[PDB]
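*Asks:* 776 is the number that our numbering gives to position 38 of the first sequence; each next residue is one higher, with no gaps. Okay, handing you the structure first.
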Amino acid sequence: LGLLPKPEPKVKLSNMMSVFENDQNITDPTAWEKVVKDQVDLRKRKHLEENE
RNA sequence: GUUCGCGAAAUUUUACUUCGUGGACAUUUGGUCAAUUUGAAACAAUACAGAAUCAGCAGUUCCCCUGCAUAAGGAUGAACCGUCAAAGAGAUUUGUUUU
Numbered sequence: 739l740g741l742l743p744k745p746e747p748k749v750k751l752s753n754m755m756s757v758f759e760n761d762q763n764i765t766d767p768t769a770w771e772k773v774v775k776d777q778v779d780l781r782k783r784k785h786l787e788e789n790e
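And the structure:
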């Protein structure tokens with residue numbers, strides 16, 4: 739219906755290589771590393787925040 | 001009656017022409033492109049078999065690990081002990097080592 743944003747793909751350090759949807763995958767190697775890692779840390783952050 | 005093959009004759013061995021001889025000697029069918037053209041009905045145009053592929057996440061089902069919640073259930077540590085507050089009136093007592 740459009741009331742909720744379309745979900746973006748979950749990216750891990752394993753799956754990191756094979757997701758080409760984002761801009762920076764191959765062309766900027768290290769910033770894409772930072773993107774992925776901060777996505778992971780962000781999910782774990784959501785978990786701990788919910789628990790607290 | 002049609003052809004192929006062997007033997008004989010007339011001429012220059014194969015060749016034509018004829019005699020004696022061994023076979024072979026049926027026709028059809030199962031063979032239609034579909035789609036489209038206002039007319040006494042024909043196959044004439046008009047096409048003409050051309051009549052999408054790699055990758056990612058998530059979601060259902062079970063399992064393990066780690067959190068937080070909730071229901072129950074347990075184990076252990078924590079040195080010191082419980083039958084009021086204010087004001088007013090009445091009754092009783094009160095020379096030299098530690099100020």
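Yeah, the Cβ is synthetic: ideal placement off N, Cα and C, and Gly gets one too.
Quick check: the Cα distance between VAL749 and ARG781, rounded to an integer number of angstroms?
*Replies:* Answer to the nearest angstrom: the Cα atoms are 11 Å apart.
*Asks:* Beta-carbon within less than 8 Å of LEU751's beta-carbon, same chain only, minus the 5 sequence neighbours each way: which residues are those?
*Replies:* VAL774, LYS775 and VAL778
*Asks:* From which residue to which residue does the alpha helix (DSSP H) around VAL773 run?
*Replies:* 767-789
*Asks:* Mapping DSSP to helix, strand and coil, what is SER752?
*Replies:* coil
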